[PDB]
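So the structure is just underneath, and the comments pick up after that.
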Amino acid sequence: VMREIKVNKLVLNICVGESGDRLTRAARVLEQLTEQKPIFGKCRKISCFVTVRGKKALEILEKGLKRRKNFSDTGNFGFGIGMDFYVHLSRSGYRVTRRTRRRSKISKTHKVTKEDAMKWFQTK
Amino acid sequence: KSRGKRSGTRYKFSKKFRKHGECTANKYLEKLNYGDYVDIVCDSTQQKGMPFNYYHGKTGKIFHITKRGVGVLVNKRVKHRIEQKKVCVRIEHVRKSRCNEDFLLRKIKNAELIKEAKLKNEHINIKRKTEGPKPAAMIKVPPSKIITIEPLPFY
Amino acid sequence: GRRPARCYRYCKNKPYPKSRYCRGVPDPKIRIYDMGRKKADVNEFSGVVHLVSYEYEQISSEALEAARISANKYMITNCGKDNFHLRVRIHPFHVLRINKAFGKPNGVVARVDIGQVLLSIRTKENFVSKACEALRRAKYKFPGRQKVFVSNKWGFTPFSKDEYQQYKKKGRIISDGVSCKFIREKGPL
Amino acid sequence: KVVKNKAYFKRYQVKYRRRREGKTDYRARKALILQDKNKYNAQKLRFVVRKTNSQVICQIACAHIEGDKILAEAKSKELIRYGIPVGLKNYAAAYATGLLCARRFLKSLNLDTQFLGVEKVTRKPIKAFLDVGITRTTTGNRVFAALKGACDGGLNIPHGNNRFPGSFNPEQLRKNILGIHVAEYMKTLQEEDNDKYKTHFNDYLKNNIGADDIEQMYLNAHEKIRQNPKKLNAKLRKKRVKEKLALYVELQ
RNA sequence: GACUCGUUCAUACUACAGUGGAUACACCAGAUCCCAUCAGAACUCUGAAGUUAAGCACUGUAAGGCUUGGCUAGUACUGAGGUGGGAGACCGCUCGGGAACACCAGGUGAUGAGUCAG
RNA sequence: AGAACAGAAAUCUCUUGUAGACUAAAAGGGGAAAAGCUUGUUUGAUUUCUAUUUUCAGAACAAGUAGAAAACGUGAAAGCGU
RNA sequence: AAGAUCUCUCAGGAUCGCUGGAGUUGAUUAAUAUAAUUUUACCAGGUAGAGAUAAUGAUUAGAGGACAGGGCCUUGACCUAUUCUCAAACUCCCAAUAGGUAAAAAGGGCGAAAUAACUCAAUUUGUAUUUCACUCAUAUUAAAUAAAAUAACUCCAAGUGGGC
RNA sequence: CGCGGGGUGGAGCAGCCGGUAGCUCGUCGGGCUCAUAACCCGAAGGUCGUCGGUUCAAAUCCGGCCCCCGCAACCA
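Protein chains in written order, with UniProt numbering: chain R, 8 to 51, 64 to 85, 92 to 106, 124 to 166; chain E, 4 to 158; chain W, 2 to 101, 118 to 206; chain B, 5 to 126, 141 to 185, 189 to 250, 271 to 291, 293 to 294.
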């Protein structure tokens, strides 16, 4: 059939909490590990993070890979060791939400859910 | 006690329900002439050019038009005298008045009637005459189908 | 002690309940309200009797408490505690104020006009006259003159006794616990 | 509390229908519409450009109380009549579409004889104003290409110059409207990988268009354009509702 | 049949379903150049390989809401009059004007201008 | 609803979200492709003048509104900025 | 007249209001101007009322559900539909009363010609103005009714500013 | 009953001038001494009257209640 299961985003995120040498080192390490330039937190910068996409995200998952209630209802998931990250899945046609000319909502019976994600996890 | 500009307008300059936010462009496009009568009726979104409390829902002649302003001569009672006061209002607050539109429609029908009456060579009376005269009248209801009523008793 | 209540026979001045503006209110005497078999359903009793306003009585918090407690004791002594429900239908909310410029807070009243039930008792058909008598005793602790009524409603629901039986017979009335829904032919099952 | 409630539904006020669709800004639109009130009987022309994912649409619209009256209209798939069969979304197509709409407008007026506009790139013509087009503004956007084409066509649309290259560069603009950048990318793509080139530009090959040919074809087309402009009912629902309620109980 | 600009601004909303894809829309493919970011996600640019799975359109639902109409109710309320009544509080009468919630029944849009394939 | 340290609160993500936030400060109005928040460019918080509106004598002062004559600032332009 | 504004002002003064005189204008053509009046059009409202199942603040009960307390069970909170009584400084809806514009001749219709340094692409493309036209009821008056000019307007001044 | 000042360790003062609460005595553990103190060394201890509010941050600033002291009641 037409339908699909696909990664949307993987996010590396570290709220270090010492706000200096370790954080600056960590963000450079995260950049070294996956090429994309980091983006950063605030203060009550305390945290470093970056988005990872497609093939590259799958590579990070693959090294990561080697509780069953880790999944969200929307089929997204993450873990740590130590160092940690989180994965969001969305199939094609998600664009309709963002698409500026005609922004709108996806059908409920077309959203990813738990079951498809769980099957994908078993698949890989 | 205090008497600032918007003094006593909490209820009056409130929005009507389901009418919140900016209103349609096509309100603004509405065409105005010098010597039109025009009502001053104010949406509360646009705050510049907002007229004083007394002029809300009032009507008067347009005497001057500007870029997005309209001058309206409005009558105000000042103690023992009514005088005409130059209220500047916005395109937002002007509503085309309707008393004139009844006169215009009345004139149009009368003009056609005048043309017909002149064509037929018979006089007519334009007058918006009395209400009260009733001709003689008939009730054809069957004599046992008429409704029989009596007073209402207590609880 | 406090002001002699005779003055508050008249209803006058704007309503003055508690507010963000006011602060510093004295508490009600009556925080007790209703008595009897509290969680009892409408199907579990059959009648209702009512003590009804007839003076334009303000009704002090203490008067409401005093009447109710007296009523309750008379009901428990006569007809037993679990064999009725005594309902305090009116709720005081209006705060008086006094001086020895604006008055300092004084006790709570309800400012009640004529034709409103103040107190009501729900019970079996056997004890409605007893309940009416308890209300008659209660009236002697209410300001001015009141009136008394016994309804042909099934009670604690707006339906007639005959209406209750008919709707119940054809299953059109379902109890949600005292409160009852009349089935209006809508929604899922 | 749960998010969705009767009070919330009752209170909620809808946004305007076209804004729901996504089409109209309103805030820009009213300024685009509204003439100075003392300057009555003159209605601001919108030069409408909307960029569809298949071809671009260029209109002359004039606002009236019962809605916009459309004076002139051009779509890229009219360019087919002028020998352009592919590249409909393109910058070059947008320029041509703009030129074509202006030419059609001028022909309608008969003003074409007075103002031909400038033949080929580096009393007064009618003034008109570019539509919102709902796009985040950029150098080299297709709305600007269409505005340039319309101006070169003949219209007096007033504009700034830094949404074209060189923030001015005429050569880069000239390359853009010719399609030279497409041609160079085709040649580069062929150099890199020929399967990848064929798989990309499938239509251009079917049409029989090489990279070289695009600029010439656009010049020929410009000259050609210049030369020649169910519902159910209540009784039925009652019967059906009764039957389905009975049936589901009888089945289960 | 399809689309663009609109208009009224819920009959147009919301919620869950079902039905539809000649042309079209869209989803979708790519990043050299213009461009844009943490990210071609968006935006920008360039494509046209696939697809109704979605968007979108249409319809359905004891839907919710909104919306008209009845009924609530000539009830509540109220202007004027009265050497009218009532201990007062208040309540009639004469001349007049006159609601709202709930409930019940219906409805769930219409439309200006232009375009493409009929 | 999920994710190392990380817990009731720390950051990050997806879903839902008519404003229940915020709008220097009072309280009340208005405000969702903003009037809120982030960012870019800036100093019109400019010079000159009316008709006026508010208070009201319909004097003053003070606060406004709608324009005009300049010079510019900003935006792709319409525009907007006293 | 005992209202008003400013006042070292509160037993006062000034200036407004109301009053008188004097004049002029209008008037004599049963009218038009005009009006503590309605009519028919046309608006503007959020006080009385009404509401808590619309928001805010309250506020009494049970019922149905998946984090906490007590000793596998129970009590709560919490979600969900209800339920009792509510507000000068709360508002879904919402009066009466009071208020404004309207009912044609120094004007209005539809036409022509003129004028601009305003106006649009565009010397009729509009705008506005002006000159010429053609013509709108009033020979009971483009809804009534009116000891409707006893109306206007100017001048000069008084008394008054503690009222009940 | 009308005005104005004040509530922080067991006790009494600092901080109380917004983020990090100090000092002494008292209390507590160890020394010294026939024995006990005095004396020496080292620690523990603040819930900032209470209910609500501002502010990035409140024990402090902002209110209302609760206590505590200071004024006040005069011409009649």
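Just so you know, even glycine gets a beta-carbon here, dropped at the ideal spot from N, CA and C.
Please classify residue 1 of chain B as buried or exposed, where buried requires at least 16 neighbouring CB atoms within 10 angstroms. Any question about residue 1 of chain B goes unanswered here, given that chain B covers just 5 to 294.
So, at 7 Å on beta carbons, what are the nonlocal neighbours of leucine 76 of chain E in its own chain, with the 5 sequence-adjacent residues on each side left out? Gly63, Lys64, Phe66, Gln87, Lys89
Whole angstroms is fine: what's the gap from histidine 96 of chain E's alpha carbon to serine 20 of chain W's? 38 Å
Look up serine 112 of chain B in the DSSP assignment and say whether it is helix, strand or coil. helix
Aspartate 42 of chain W - containing beta strand (DSSP E), residue span: Looking at the DSSP string, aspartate 42 of chain W is not in any beta strand (DSSP E), and its letter there is neither H nor E.
Given this structure, state the Cα-to-Cα distance separating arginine 13 of chain E from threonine 48 of chain E, to the nearest angstrom. 14 Å
To the nearest angstrom, report how far apart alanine 168 of chain B and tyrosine 99 of chain B are at their CA atoms. 7 Å
Are the beta-carbon atoms belonging to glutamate 63 of chain W and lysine 30 of chain W less than 8 Å from one another? yes
For residue 128 of chain B, return the contacting residues in chain R, with the cut-off set at a CB-CB distance below 9 Å. No coordinates exist for residue 128 of chain B; the numbering of chain B passes from 126 to 141 with nothing in between.
Quick one: Cα of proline 122 of chain W to Cα of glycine 172 of chain W, how far? 38 Å
Does the count of Cβ pairs from the segment 143 to 153 of chain W and the segment 68 to 83 of chain W closer than 8 Å reach three? yes
Note down, in chain order, every chain B residue with its Cβ under 8 Å from the Cβ of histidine 23 of chain E. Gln17
In the DSSP output, which residue or residues are listed as bridge partners for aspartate 126 of chain R? R/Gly105
I need the DSSP call for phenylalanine 173 of chain W, collapsed to helix, strand or coil. coil
How many angstroms separate the CA atom of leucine 92 of chain B from the CA atom of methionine 125 of chain R? 49 Å
Return the CA-CA distance between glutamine 63 of chain B and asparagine 179 of chain B, expressed in angstroms with no decimal places. 22 Å
Taking C-beta to C-beta, are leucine 173 of chain B and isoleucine 198 of chain B nearer than 8 Å? no
Buried/exposed call for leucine 49 of chain B, threshold 16 Cβ in 10 Å: buried
Strand pairing of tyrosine 31 of chain E, partner residues [DSSP]: Its beta-bridge partners do not exist; DSSP assigns none.
Closer than 7 Å by C-beta to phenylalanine 109 of chain B: which residues in its own chain qualify, once you throw out the five before and the five after it? Chain order, please. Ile64, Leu75, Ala76
Can you pull the DSSP bridge partners for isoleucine 68 of chain E? E/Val73
Nearest by alpha-carbon distance to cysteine 80 of chain W: which of W/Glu142, W/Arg10, W/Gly25 is it? W/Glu142
Using a cut-off of 7 Å between C-beta atoms, extract the partners of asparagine 42 of chain B located in chain E. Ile68, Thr69, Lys70
Pull up the distance between the alpha-carbon of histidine 126 of chain E and that of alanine 120 of chain E, whole angstroms please. 6 Å
Could you tell me whether any Cβ in chain E is nearer than 8 Å to the Cβ of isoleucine 235 of chain B? no
Determine contact between the segment 181 to 189 of chain W and the segment 138 to 158 of chain R, defined as no fewer than three beta-carbon pairs at a distance below 8 Å. no
Who are the neighbours of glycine 26 of chain B on chain R, taking C-beta pairs under 9 Å? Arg141, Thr142, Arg143, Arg144, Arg145, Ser146
Straight-line CA distance for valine 18 of chain R to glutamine 164 of chain R? 22 Å
Which residues in chain E have a C-beta closer than 9 Å to the C-beta of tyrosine 30 of chain B? List them in chain order. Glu25, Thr27, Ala28
Check the C-beta distance from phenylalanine 199 of chain W over to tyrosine 184 of chain W and give it rounded, since I have them as a contact under 8 Å. 7 Å
Of the choices B/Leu104, B/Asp29, B/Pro89, whose alpha-carbon is the least far from that of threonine 142 of chain R? B/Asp29
In chain E, what lies closer than 8 Å to residue 1 of chain B by C-beta? Absent from the structure is residue 1 of chain B, since the part of chain B shown begins at 5 and ends at 294.
Tell me which same chain residues have a C-beta within less than 7 Å of the C-beta of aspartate 224 of chain B, skipping the five on either side of it? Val90
Does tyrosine 14 of chain E get closer than 8 Å to chain B when you measure Cβ to Cβ? no
Looking at C-alpha atoms only, which residue of B/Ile84, B/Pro250, B/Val18, B/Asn94 is the closest neighbour of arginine 107 of chain B? B/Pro250
Please name the residue, chosen from E/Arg93, E/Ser100, E/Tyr57, that lies closest to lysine 79 of chain E on a Cα-to-Cα basis. E/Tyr57
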